[PDB]
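Shown next, in structure tokens, is the structure this report addresses.
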Amino acid sequence: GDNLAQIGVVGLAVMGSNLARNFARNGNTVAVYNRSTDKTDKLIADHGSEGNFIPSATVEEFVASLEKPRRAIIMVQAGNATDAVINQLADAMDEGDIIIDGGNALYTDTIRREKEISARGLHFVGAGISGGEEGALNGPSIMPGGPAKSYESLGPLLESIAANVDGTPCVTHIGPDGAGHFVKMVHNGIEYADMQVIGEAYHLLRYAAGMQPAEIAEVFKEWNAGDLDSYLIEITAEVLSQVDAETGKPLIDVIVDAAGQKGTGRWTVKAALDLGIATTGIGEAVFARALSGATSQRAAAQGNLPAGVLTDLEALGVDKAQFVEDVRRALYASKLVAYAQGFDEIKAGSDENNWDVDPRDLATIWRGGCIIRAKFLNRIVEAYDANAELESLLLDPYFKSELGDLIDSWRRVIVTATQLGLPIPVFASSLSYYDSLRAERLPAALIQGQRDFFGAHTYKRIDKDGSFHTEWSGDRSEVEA
Amino acid sequence: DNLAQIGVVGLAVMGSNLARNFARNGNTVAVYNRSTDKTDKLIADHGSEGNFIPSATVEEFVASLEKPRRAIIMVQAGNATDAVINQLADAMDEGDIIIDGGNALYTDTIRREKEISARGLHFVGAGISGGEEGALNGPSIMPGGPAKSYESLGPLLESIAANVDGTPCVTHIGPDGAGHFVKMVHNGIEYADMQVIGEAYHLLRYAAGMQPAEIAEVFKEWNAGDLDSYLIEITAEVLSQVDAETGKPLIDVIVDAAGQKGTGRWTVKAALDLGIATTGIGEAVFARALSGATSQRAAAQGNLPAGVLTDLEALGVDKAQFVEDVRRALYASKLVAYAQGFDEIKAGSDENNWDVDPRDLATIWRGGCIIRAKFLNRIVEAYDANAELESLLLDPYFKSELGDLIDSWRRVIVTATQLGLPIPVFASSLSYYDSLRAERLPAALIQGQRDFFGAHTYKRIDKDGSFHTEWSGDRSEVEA
């Protein structure tokens, strides 16, 4: 009846609350539960006007106040807190019901949980939810994984709260089991890289070009008009514009430059290492966060490492404005490299786990409700639309056409930065990855040689299939392995 | 009597070679292998090398060991290793010693310690380097476990360990998984050492135009100086080898796909979760992953725009100043890799309660290991002078060297970029260096970005406490 809810949310911290309210604000009847009932009461009291909520003090009431097939969404801390609730819902649920973790869960746990829960006759969906607390309230990006029959009852509910971009719901069936939580973690990694490339551009503009932060804010606003158009560059301009009331100096000059990597960024570069994917952009970005928090080591390194002979833009004879454009092109290229790696990681996760994930879906639903939202994503959708089996976003004709006009600026940026001794982790590592991909012969041939010498590790040959070994200690003849 | 002092479980190449190491060094060695065919091949071929006491069952193997019983496990890492451990503990006496010598994950070793520690026994996780020739001819052995066990075990281990200037390349590392942890960091450092040699060889061949034969000759020249290493010495051989079938240099015929299928990745994962910037080892592992992506390489080869490129001739760069500039970029990039590697040891040591002495490692890595080089003595000296040295880069010797390395370092990154050649570790290392020097890093901006979109608080250089700016409202600042 109308006394039954279409969806329910277990765990009413700010995030679980915001998501329940979002379901209620878009005309869904929503059941809400929390072990400590005090939280439930505070939702009803302070936000009950936003729509039609059905509160329960027990798990068995919650499950009884839900229409069928029963959709419940868990929004408690990741790990053991989560498994607790999952077991409680299955004890109480009937066969054919759908259980959903919407918390930030390692995708390996999601596969374990999906096997066990499906075996118990139920249905398990792991659902990535970006946008933090704001997105959860006003429109997130939803990335759900589980049985495709479950998105049939779940899909239209999520399409009602999801961020909308040009009439299209920023949510779609990702693939089976852990695909959703996997793609959310890749998206958290591709954000560290986005924040890092912007940082690098800012650093080169402040210390090579001698631009104050208010003036750099203006340059980002103008770049936000072009191809780089993104929510992150938009807000970066707001931050650099800010002034500290107390001191009168730019707010950024009064913030301790120490940013922990205590987040998801490190899980992305780990699966990359496990799937054998060169994610140098996200890696360098995660590493750069670690280095910033080395307070004792930075204090001791300060002014104590030799710089070498350094020049400036004036002595090089470099026009400020030409250099600003060059940094913009270096930024763009480095973002492309980061994304090409991230989408490689997606394709490798998908093959390893037989997921059949469509990169087009991710590029489409990441246009709203998350921090990486940018017009840029549309060209990734188009690229895969033109060639499902594109071996790299770099090889898409549009992007390959762009690289043609980026490359010289990119090279000039790494050269100039070295000549002024300025930190450029992603810009420089992206160009090395680029020049690596385009090379006919890499120094791995010699690594194979070293390994065969010290460990009889074997090497393959260009002209003949199978493994081979040189009798290094012996006659230096070559034999089959 | 008629008892073995030490026993080896796992009679494949590592294990048979190890058992044969103990025997050749005049200990009596018990040998047992689940499948008995291997236990036979050993006695059949290498039984003449020393006194082996072979067993078909775990009971017989444990019956042949002198008390306190010492058995080394040399089998597949993972489920195969956890099984042999229970089979041993189910037959051993209180006070006996189980040693795992395989490439174990250090978190399983810490857990295996407490499981076995409980049952009255002692558990040792021992990193064994040097592959199969080192297992026979002299490995570096990095044992972690209870100190009171090294007393029984050390003298046996010192009898087979690689020996350098009369000092044995084995010593107690620290409690539980300390030994397996430093073995994993030694393997990560090995990838960086190999990658920097690659980058140099690449710039000598593609920027200077030297053929393999000539690169060999300049590598033996560098081996007389400060860079003396086993890796550079073998590199010159590899580079001199000619493939008989075609007549072209053997490395021109090798598929240039390394493959990161090793333990190099376990180092970066550990670094990532310990809050340590491992850009050298990281980029080294990344470069291996990239080399192996055949189909993406076939597709990108000749299809990505290079830009305008120059050569050394048009830059007016002298070949001889360039080859010495490359030598210094390699020396500095390797020094960055070692400093990050030793920061990971500090962190991992501090994360547990290990008190690991970095000096022991630089000392026992001088033999057995592929990374053995004269350079390690300088790391020992750096930590003798300052036990709390914040970075190897700051140790006065290393810092004095960097003074003379930095200008060549910058010219190499610059020249490589202008010739479109890939130099990942050389370039990652310089940004890390320039990061360490910077008074203000981009993390200040990142804190601002996070406070705006996630109310993720920030800190201030003047006042104390955490602060947030009402970005969506007044844009004022309110402590939280």
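Values below: all heavy atoms of this structure, side chains included; hydrogens, waters and symmetry mates excluded. Each chain gets a letter, A, B and so on, in the order its sequence line appears, and its residues count up from 1.
- There is no contact between B:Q340 and chain A, counting heavy-atom distances below 4.5 Å.
- A:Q261 touches chain B through its side chain: at least one heavy atom from C-beta onward sits under 4.5 Å away, while N, CA, C and O do not.
- Contacts of residues 410-417 of chain A with chain B at a heavy-atom distance below 4.5 Å involve A:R411, A:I414, A:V415, listed in sequence order.
- Using a 4.5 Å cut-off between heavy atoms, A:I255 touches chain B through backbone and side chain atoms alike.
- Under the salt bridge (charged side-chain N to carboxylate O under 4.0 Å, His left out) criterion, B:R265 pairs with A:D274, not counting sequence neighbours.
- Contacts of B:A455 with chain A are absent, with no heavy-atom separation under 4.5 Å from either backbone or side chain.
- Taking B:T469 as the reference, B:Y458 meet the side chain to side chain donor-acceptor pair (under 3.5 Å) condition, with sequence neighbours excluded.
- Residues B:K346 and B:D343 are not paired through a salt bridge, judged by the lack of any N-O separation under 4.0 Å between the basic side chain and the carboxylate.
- Chain A forms the most heavy-atom pairs under 4.5 Å with one residue out of B:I370, B:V285, B:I251, B:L274, and that residue is B:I370.
- Residue contact with chain A, scored on non-hydrogen atoms closer than 4.5 Å, is absent for B:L405.
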Listed pairs under 3.5 Å, donor-acceptor, residues 194-202 of chain B side chains, sequence neighbours left out:
from	atom 1	to	atom 2	distance (Å)
B:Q195	NE2	B:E199	OE2	2.7
B:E199	OE1	B:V425	N	3.2
B:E199	OE1	B:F426	N	3.0
B:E199	OE2	B:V425	N	3.1
B:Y201	OH	B:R205	NH1	3.3
B:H202	NE2	A:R441	O	3.0

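- In this structure, chain B has heavy atoms under 4.5 Å from both the backbone and the side chain of A:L446.
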